[PDB]
Amino acid sequence: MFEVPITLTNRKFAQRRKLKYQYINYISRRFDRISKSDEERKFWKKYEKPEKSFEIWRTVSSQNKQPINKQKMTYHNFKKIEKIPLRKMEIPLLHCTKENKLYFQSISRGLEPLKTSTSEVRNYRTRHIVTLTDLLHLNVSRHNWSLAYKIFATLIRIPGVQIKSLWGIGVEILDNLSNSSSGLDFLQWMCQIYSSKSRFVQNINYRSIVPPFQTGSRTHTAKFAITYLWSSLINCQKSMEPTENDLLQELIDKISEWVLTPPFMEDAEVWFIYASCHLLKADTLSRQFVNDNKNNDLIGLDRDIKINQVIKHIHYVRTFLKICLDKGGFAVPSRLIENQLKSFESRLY
Amino acid sequence: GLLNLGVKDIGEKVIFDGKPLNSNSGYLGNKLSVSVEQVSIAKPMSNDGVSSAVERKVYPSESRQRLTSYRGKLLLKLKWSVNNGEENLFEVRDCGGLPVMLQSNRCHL
Amino acid sequence: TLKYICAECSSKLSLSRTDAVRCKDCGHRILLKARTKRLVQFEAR
Amino acid sequence: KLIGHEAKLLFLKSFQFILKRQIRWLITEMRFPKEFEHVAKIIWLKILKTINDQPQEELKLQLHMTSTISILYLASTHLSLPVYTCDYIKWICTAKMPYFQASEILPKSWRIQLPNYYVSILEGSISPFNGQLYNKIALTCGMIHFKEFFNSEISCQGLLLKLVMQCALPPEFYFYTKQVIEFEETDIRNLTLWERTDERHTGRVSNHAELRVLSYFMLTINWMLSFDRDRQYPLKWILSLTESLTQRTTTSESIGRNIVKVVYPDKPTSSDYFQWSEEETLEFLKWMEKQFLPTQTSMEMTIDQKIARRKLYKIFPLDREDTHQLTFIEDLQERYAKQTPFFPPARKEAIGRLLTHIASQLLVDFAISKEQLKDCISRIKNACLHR
Amino acid sequence: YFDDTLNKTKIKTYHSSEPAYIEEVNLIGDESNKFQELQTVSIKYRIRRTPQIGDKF
Amino acid sequence: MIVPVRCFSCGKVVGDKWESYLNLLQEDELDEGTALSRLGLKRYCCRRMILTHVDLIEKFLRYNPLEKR
Ligand SMILES: [Zn+2]
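Protein chains in written order, with my numbering: chain R, 21 to 369; chain D, 310 to 418; chain V, 5 to 49; chain B, 15 to 401; chain G, 646 to 702; chain A, 11 to 79.
Next up, the structure:
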C-alpha cells in the first residue's frame, strides 16, 4: 500500500502520459480558440513548474481578481470543444495497446483508475521491495523497533532506494532505536549525500523524484538538512545547564560554513534556527553566571568580563532575528522572543 | 572584523546609464550605485570533479604534499543599488582562492 | 603486485595503467609508493 | 558488444552454463547421483541438436527463464523423483536455483559479451503467470519428443501424498482420490506428461497431468464429503479442519509459501502480505538478510560513490545492531491432533468454504487461472459423467 | 615513460654531483579534473651528509 | 634520533643503558647522577652520551603512514 522506492516500471505509464497530455493540449487549444513527449513538456511550459514546497499555496488574500466566468458550460458547449480533439486522439490511440485504448477512453470520460500501477508490476526485485516498504511502515505504526530497522537495513541493500523513505524512516527508526545511532549521523551523512548545491528545477519530466523531500542545493531547501540542524540544537539542549563539549559551537561553525549560497542564500529557519542556537548559547552563559547574582554573593571576580561577552551576543542575536524578519521570514513571533530576551536581560542585571 | 569596516570605507561606485528618458534627459540616465555589504571567507574545502559533490575540509598536510596553495573561497555579499533605492540586488560572489593563514580563525588548525 | 598507499586512508592498493589515481577506501588523490623486499647493498658506514 | 550468429552462440553458451550450475545444486539438494546429472546433460544435448538444424540465422531459441526449469522438470521426469509445485516453492523459498538472477555466469565477461539483447535478457527477468511453466514444458516436450524418449513422466503417487499432508491429510482421501483417479482418470492409469504441443498457439488442451490430479483432488473432497451419507465426517468436523488450517508458522514450508505469495500477483496472498502473522514477519526479515544478501555484489560510484554506500551501510549496519520454530511433520502432526476429536445448508456452506481454501493453496503454488483452474475443473466434471 | 609521438620509452635523467637514494615517491592526481594517468609525481631523495673536511662547524 | 650505539669520545657501548636508565629514573626514582653511577658511565664521555640524549624517535614514530589512524 505505501510509497515505493523505485523508478516506475517505465513502459505503459510513459505512453498513457503521451495520450493524456496530447488530449489536454488538443482540448485546451480549442478552449483557447473559443475564448479568443514534447506535448508533455509543453503542458508544463503552459503551467510552469512546482516551487520548492508542495502545493502552490500562497495566501488567499490580496488580489480579488473577479471570476464569475458565467459558469459558461452548456453541455452543448463542452461537446463543441470535445468533438474534434477525441478524433485526433484516435490516430495515436490505434498505435497504442488495447489496455491503453480503454485507459484513455476511461480518463477521457472522467473515470479514474482504481488500478494502482504499483499493484501489477511483477518484477522479482520490485516484487519484494513493495513487501518490505509496507512491512516497515506497518512496523513503525506499532513502534516495533527491533524488527522495523531489520526491514529498513535490508530495504537499502536492495538496489531500489532513492533517499526517499530512507531519510524519512531512517531518522525516526534511529530515534525509536534506543540503541545505536543518532539520526544526526545519518542526518549529517544525508546532508553530504544531497547538498545539490546546484539550482536545478523545472525543465524535464521529474517523474522519478518529485518530492520536495529529496533535492535542493540550488534554492529549494532540503528538509533533511533543516531537520539535521533542528535535531542538532535539540541534541545540544539535553543535559546542558540542567573541552569535550564543543557541539553548540560545532553547530555555530557548521552553519557558518554556509552563510548563504542556497541556505543562507534563501532565508528563514536557516537564519532563525541559527539565532535560536545562538539564543540558547546566551542563556547557558547567564546560568553559568546567573543564580543569585552570577553564582552567588556578587562577582568582585574582575568586574564582569562575562556580562560583556553575553551583551555582545544578545546584541548579535537581535541582528540575526531582525535580518530573518526583514528578508520576508514569516516563521518568527517576534513579540515573544523580544519579551523573553529582555526578561532574561533582567537576570543578567 | 576589520574587513567589513574596509568595505564600509570603500563606500559606493555610482554609474548613470545616461538614463535617457526624453532634468530627465541630463539629470540621470537613472542612477545605479553598486557597493559591497559583507565579505565572507570560508575554510578550505575541496569538491571532487565538478561541484555537484559534497565538499571536504582541506588540510595543510594536503597543500604541502600536493605542493600547492592552501586556498579558501572568498565570498562577499554584493549590494546592487539601483536608482538610489529603486532596486536592491544581493549577490554572494566567489572571489577565487584567498591564501589563508595557518592556525588562523580561518584555518582548520 | 605493485603497491601504492593512500596518503590519507592508509589502505594498501595495487594501481593499474587502467584506473583512476584515487584511494578506493578513502578517495584521496595522493599515493606513497610502497617499499618492497628489494635487495640493496650497503657499506656499513 | 556483439550480435547476430556468434552472439547467439554465447547467448547459447551462457544458457548452457547456468543450467549446469542449476543441476549441481540439484544434486546437492536431493543427492540423486550420476543419474540425475547425466540424464539432464543429454536432455539439453538433445535440445541443442534441434537448435543447430534451424540455424542459418535462426534466432528463435533463446531460452525462457522457464525453459531451464522445464528442462530440469522433464529430466526429473526421466527419473520421477518429485513434483512441480513443491519443486517450485522450494526453489523460490531457498533460492535453491540460480534461476532468478543471471549474474552468476562465470561470465563477469559473458555479462559484457555485451549480452547483446540476449545475454542481458536472462537469469531473472520475471515470475511465471498462469500456465507459463505449463506451456513451455509442452513446447520442450514437442521439441524433445520427450514422451517417446521418456518413461512414466508426471505420475508420482508422491504428489498425492504431498497434497493430503498438504492440509486435511485424511488417512483415507489419498485412497479416495487415487480411486477416482483409478476411475476415469485416464482409464485408471498414471497420468503421463502431456505431449510436444508443436503448435505455437499453445491451446489449453488441459493435458498437464498434475493440473488434473489437483482437479480430481478437489473434486474427491466435496463429492466424498458431499455424499458421506453414513455421516463418517461430522458437521462440526469439517470447519475444525479449515479452522486449525487458519494459516500457522511452517517448519520452512509455510514460510516458503509466503515467499512465493510475495510475487504479489492476483491478490490472493497480497493481504497475507500485510497481515503477515507477527513473526512470519520476523522469519521473513531473517530470510531476507540471508538470501538477498547477494542482492548484488559490481561497479559505479567511480572510486567514491561505493565508499559512501559502504559508510551508509556502515551507519545503519545493524544486523543485530523450542532451536525455536518447528519442522514440517511436527506442524503436520500437531494439526491432525488439533482435529483429533473425531470420534443441512450450513455444512454445504462449510464445504464450499473449505474448497475455496485448497483452491487457494494448490492454485497458489501454480499458474492458477482463477478460471482455467476452474476451466480445468469443468473439463473433467464433463469427462466424469459418461458412466 | 612513453610518448606515442616518439613511440619510445623515454626517461628523465638524474642530474647531481653525488649519488642518492630514493626516499619517497608521491603520486599527484590532485586538483586535477581527471588526469587519471598520474602524470605528476613528486620524488624525494635522501642524500647523506657525512662530517667532512671543509664542512663548517 | 636514537640512543647512540657508542660514546663518540670514549667508545663504550652505551645503547644497552637507555631503557634501564629511563626505568631507573622512573622505577628507581633515582637521580641522573646516581643512576649513571649504577649504570657504570663513569666517564663524562659516557656520562654525556646518555645524559644529553633526546630519544626523538618517539616523536617520529607517531607519523607512521603504514597503519590506519
Ligand atoms: Zn663515553
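Cβ coordinates follow ideal geometry from the N, Cα and C atoms, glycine included.
Inset, instruction - Could you tell me whether any non-hydrogen atom of ligand 1 is closer than 8 Å to the CB of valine 64(A)? - result: Answer for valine 64(A): no, Cβ out of range of ligand 1.
Inset, instruction - Please state if the CB of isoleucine 688(G) and the CB of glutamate 669(G) are separated by a distance shorter than 9 Å. - result: Result yes, Cβ atoms of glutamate 669(G) and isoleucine 688(G) sit closer than 9 Å.
Inset, instruction - List the whole-angstrom C-beta distance separating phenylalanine 244(R) from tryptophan 187(R), where the pair is believed to meet the contact cut-off of C-beta under 8 Å. - result: About 5 Å separates the two Cβ atoms, so the contact holds.
Inset, instruction - Go ahead and pull the three-state DSSP assignment for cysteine 404(D). - result: DSSP places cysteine 404(D) in strand when its eight states are reduced to three.
Inset, instruction - Could you tell me whether any non-hydrogen atom of ligand 1 is closer than 8 Å to the CB of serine 47(A)? - result: The answer is no for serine 47(A).
Inset, instruction - Measure the CB-CB distance between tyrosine 144(R) and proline 133(R) and report whether it falls below 9 Å. - result: One thing to note: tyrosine 144(R) has its Cβ no nearer than 9 Å to the Cβ of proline 133(R).
Legend entry - Cutoff 9 Å: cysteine 27(V) Cβ touching any chain A Cβ: Taking Cβ atoms only, chain A never reaches closer than 9 Å to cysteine 27(V), which makes this a no.
Legend entry - Through-space distance from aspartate 345(B) to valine 194(B), alpha-carbon basis: Distance between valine 194(B) and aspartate 345(B), taken at the CA atoms: about 29 Å.
Inset, instruction - Check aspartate 648(G) in the structure and name its three-state DSSP category. - result: In the structure shown, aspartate 648(G) sits in a strand (DSSP, three-state: E or B).
Legend entry - Through-space distance from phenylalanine 306(B) to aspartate 379(B), alpha-carbon basis: Take the alpha-carbon of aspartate 379(B) and the one of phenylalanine 306(B): they are about 21 Å apart.
Legend entry - Distance between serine 258(B) and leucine 249(B) (C-alpha atoms, nearest Å): Each residue's Cα considered, the two are about 15 Å apart.
Legend entry - Between the CA atoms of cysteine 398(B) and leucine 207(B) - distance to the nearest angstrom: Those two C-alpha atoms are separated by around 21 Å.
Inset, instruction - In angstroms with no decimal places, state the Cα-to-Cα distance between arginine 401(B) and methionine 232(B). - result: The alpha-carbon separation between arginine 401(B) and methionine 232(B) amounts to approximately 20 Å.
Inset, instruction - Take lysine 384(B) as the anchor and find which of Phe143(B), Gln310(B), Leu136(B), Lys60(B) has the nearest alpha-carbon. - result: Comparing Cα positions, the closest option is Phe143(B).
Inset, instruction - Just jot down, in chain order, the residues whose CB lies closer than 6 Å to any heavy atom of ligand 1. - result: Counting only residues whose CB is nearer than 6 Å to a non-hydrogen atom of ligand 1, the list in chain order is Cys17(A), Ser19(A), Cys20(A), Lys22(A), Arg53(A), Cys55(A), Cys56(A), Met59(A).
Inset, instruction - Using 10 angstroms around the beta-carbon of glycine 699(G), count the other beta-carbons present and answer buried if the total reaches 16, otherwise exposed. - result: With fewer than 16 Cβ atoms within 10 Å of its Cβ, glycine 699(G) is classed as exposed.
Inset, instruction - Following the continuous beta strand (DSSP E) through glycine 320(D), name the residue where it begins and the one where it ends. - result: Per DSSP, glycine 320(D) belongs to no beta strand (DSSP E) and is neither H nor E.
Inset, instruction - Would you tell me roughly how many angstroms separate the C-alpha atoms of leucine 51(A) and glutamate 47(V), rounded to the nearest one? - result: One C-alpha to the other measures close to 30 Å.
Legend entry - Three or more C-beta pairs below 8 Å linking the region 349–365 of chain B and the region 222–229 of chain R: Look at the beta carbons and you see the region 349–365 of chain B not touching the region 222–229 of chain R: under three pairs across the two are nearer than 8 Å.
Inset, instruction - Below 6 Å CB to CB, which residues in the same chain sit around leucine 19(V) once its five sequence neighbours on both sides are set aside? - result: Excluding positions up to five away in sequence, the list reads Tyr8.
Legend entry - the region 268–285 of chain R contacting the region 317–334 of chain D, beta-carbon criterion three pairs below 8 Å: With the cut-off at 8 Å, the region 268–285 of chain R and the region 317–334 of chain D do not touch.
Legend entry - C-beta atoms of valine 277(B) and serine 84(B) nearer than 9 Å: For the 9 Å CB-CB criterion, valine 277(B) and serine 84(B) do not form a contact.
Legend entry - Length of the line joining the Cα atoms of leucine 299(R) and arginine 338(R): If you take the alpha carbons of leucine 299(R) and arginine 338(R), they lie about 9 Å apart.
Inset, instruction - Under the assumption that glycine 406(D) contacts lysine 382(D) (Cβ atoms under 8 Å), give the Cβ distance between them as a whole number of angstroms. - result: The Cβ separation is near 6 Å, so the contact holds.
Inset, instruction - Starting from the beta carbon of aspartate 52(R), find every residue of chain B whose beta carbon is closer than 8 Å, and list them in chain order. - result: Against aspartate 52(R), chain B offers no close residue; the least beta-carbon distance is about 44 Å (beta-carbon pairs closer than 8 Å).
Inset, instruction - Return yes when the Cβ of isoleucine 269(B) is within less than 9 Å of the Cβ of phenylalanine 298(B), no when it is not. - result: Yes, the pair counts as a contact, with Cβ atoms nearer than the cut-off.
Legend entry - Bridge-paired residues (DSSP) for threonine 654(G): In the DSSP output, where bridge partners are listed per residue, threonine 654(G) has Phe647(G).
Inset, instruction - Taking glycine 156(B) as part of the alpha helix (DSSP H), name the residues at either end of that continuous run. - result: Segment 147–158, the alpha helix (DSSP H) holding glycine 156(B).
Legend entry - Among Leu194(R), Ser202(R), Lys184(R), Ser57(R), the one whose alpha carbon lies nearest that of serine 228(R): Comparing Cα-Cα distances from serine 228(R) to each of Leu194(R), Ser202(R), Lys184(R), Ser57(R), the minimum goes to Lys184(R).
Inset, instruction - Measure the C-alpha to C-alpha separation of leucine 28(R) and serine 123(B) and round it to an integer number of angstroms. - result: If I take the Cα positions, the gap works out to 30 Å.
Inset, instruction - Flag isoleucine 34(V) as yes if its beta-carbon sits less than 9 Å from any beta-carbon of chain A, otherwise no. - result: No, because no Cβ of chain A sits closer than 9 Å to the Cβ of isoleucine 34(V).
Legend entry - Whole-angstrom distance between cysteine 416(D) and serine 161(R), CA atom to CA atom: Their backbone Cα atoms lie some 47 Å apart in a straight line.
Inset, instruction - Write down the C-beta distance between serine 216(R) and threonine 235(R) rounded to the nearest angstrom, noting that I regard them as a contact closer than 8 Å. - result: Rounded, the Cβ-Cβ distance is 6 Å, consistent with contact.
Inset, instruction - Specify, as a first and last residue, the run of the beta strand (DSSP E) that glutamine 347(D) falls within. - result: 340–350 is the extent of the beta strand (DSSP E) around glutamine 347(D).
Legend entry - Extent of the continuous alpha helix (DSSP H) run through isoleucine 61(B): Boundaries of the alpha helix (DSSP H) harbouring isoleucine 61(B): 47–67, taken from the DSSP string.
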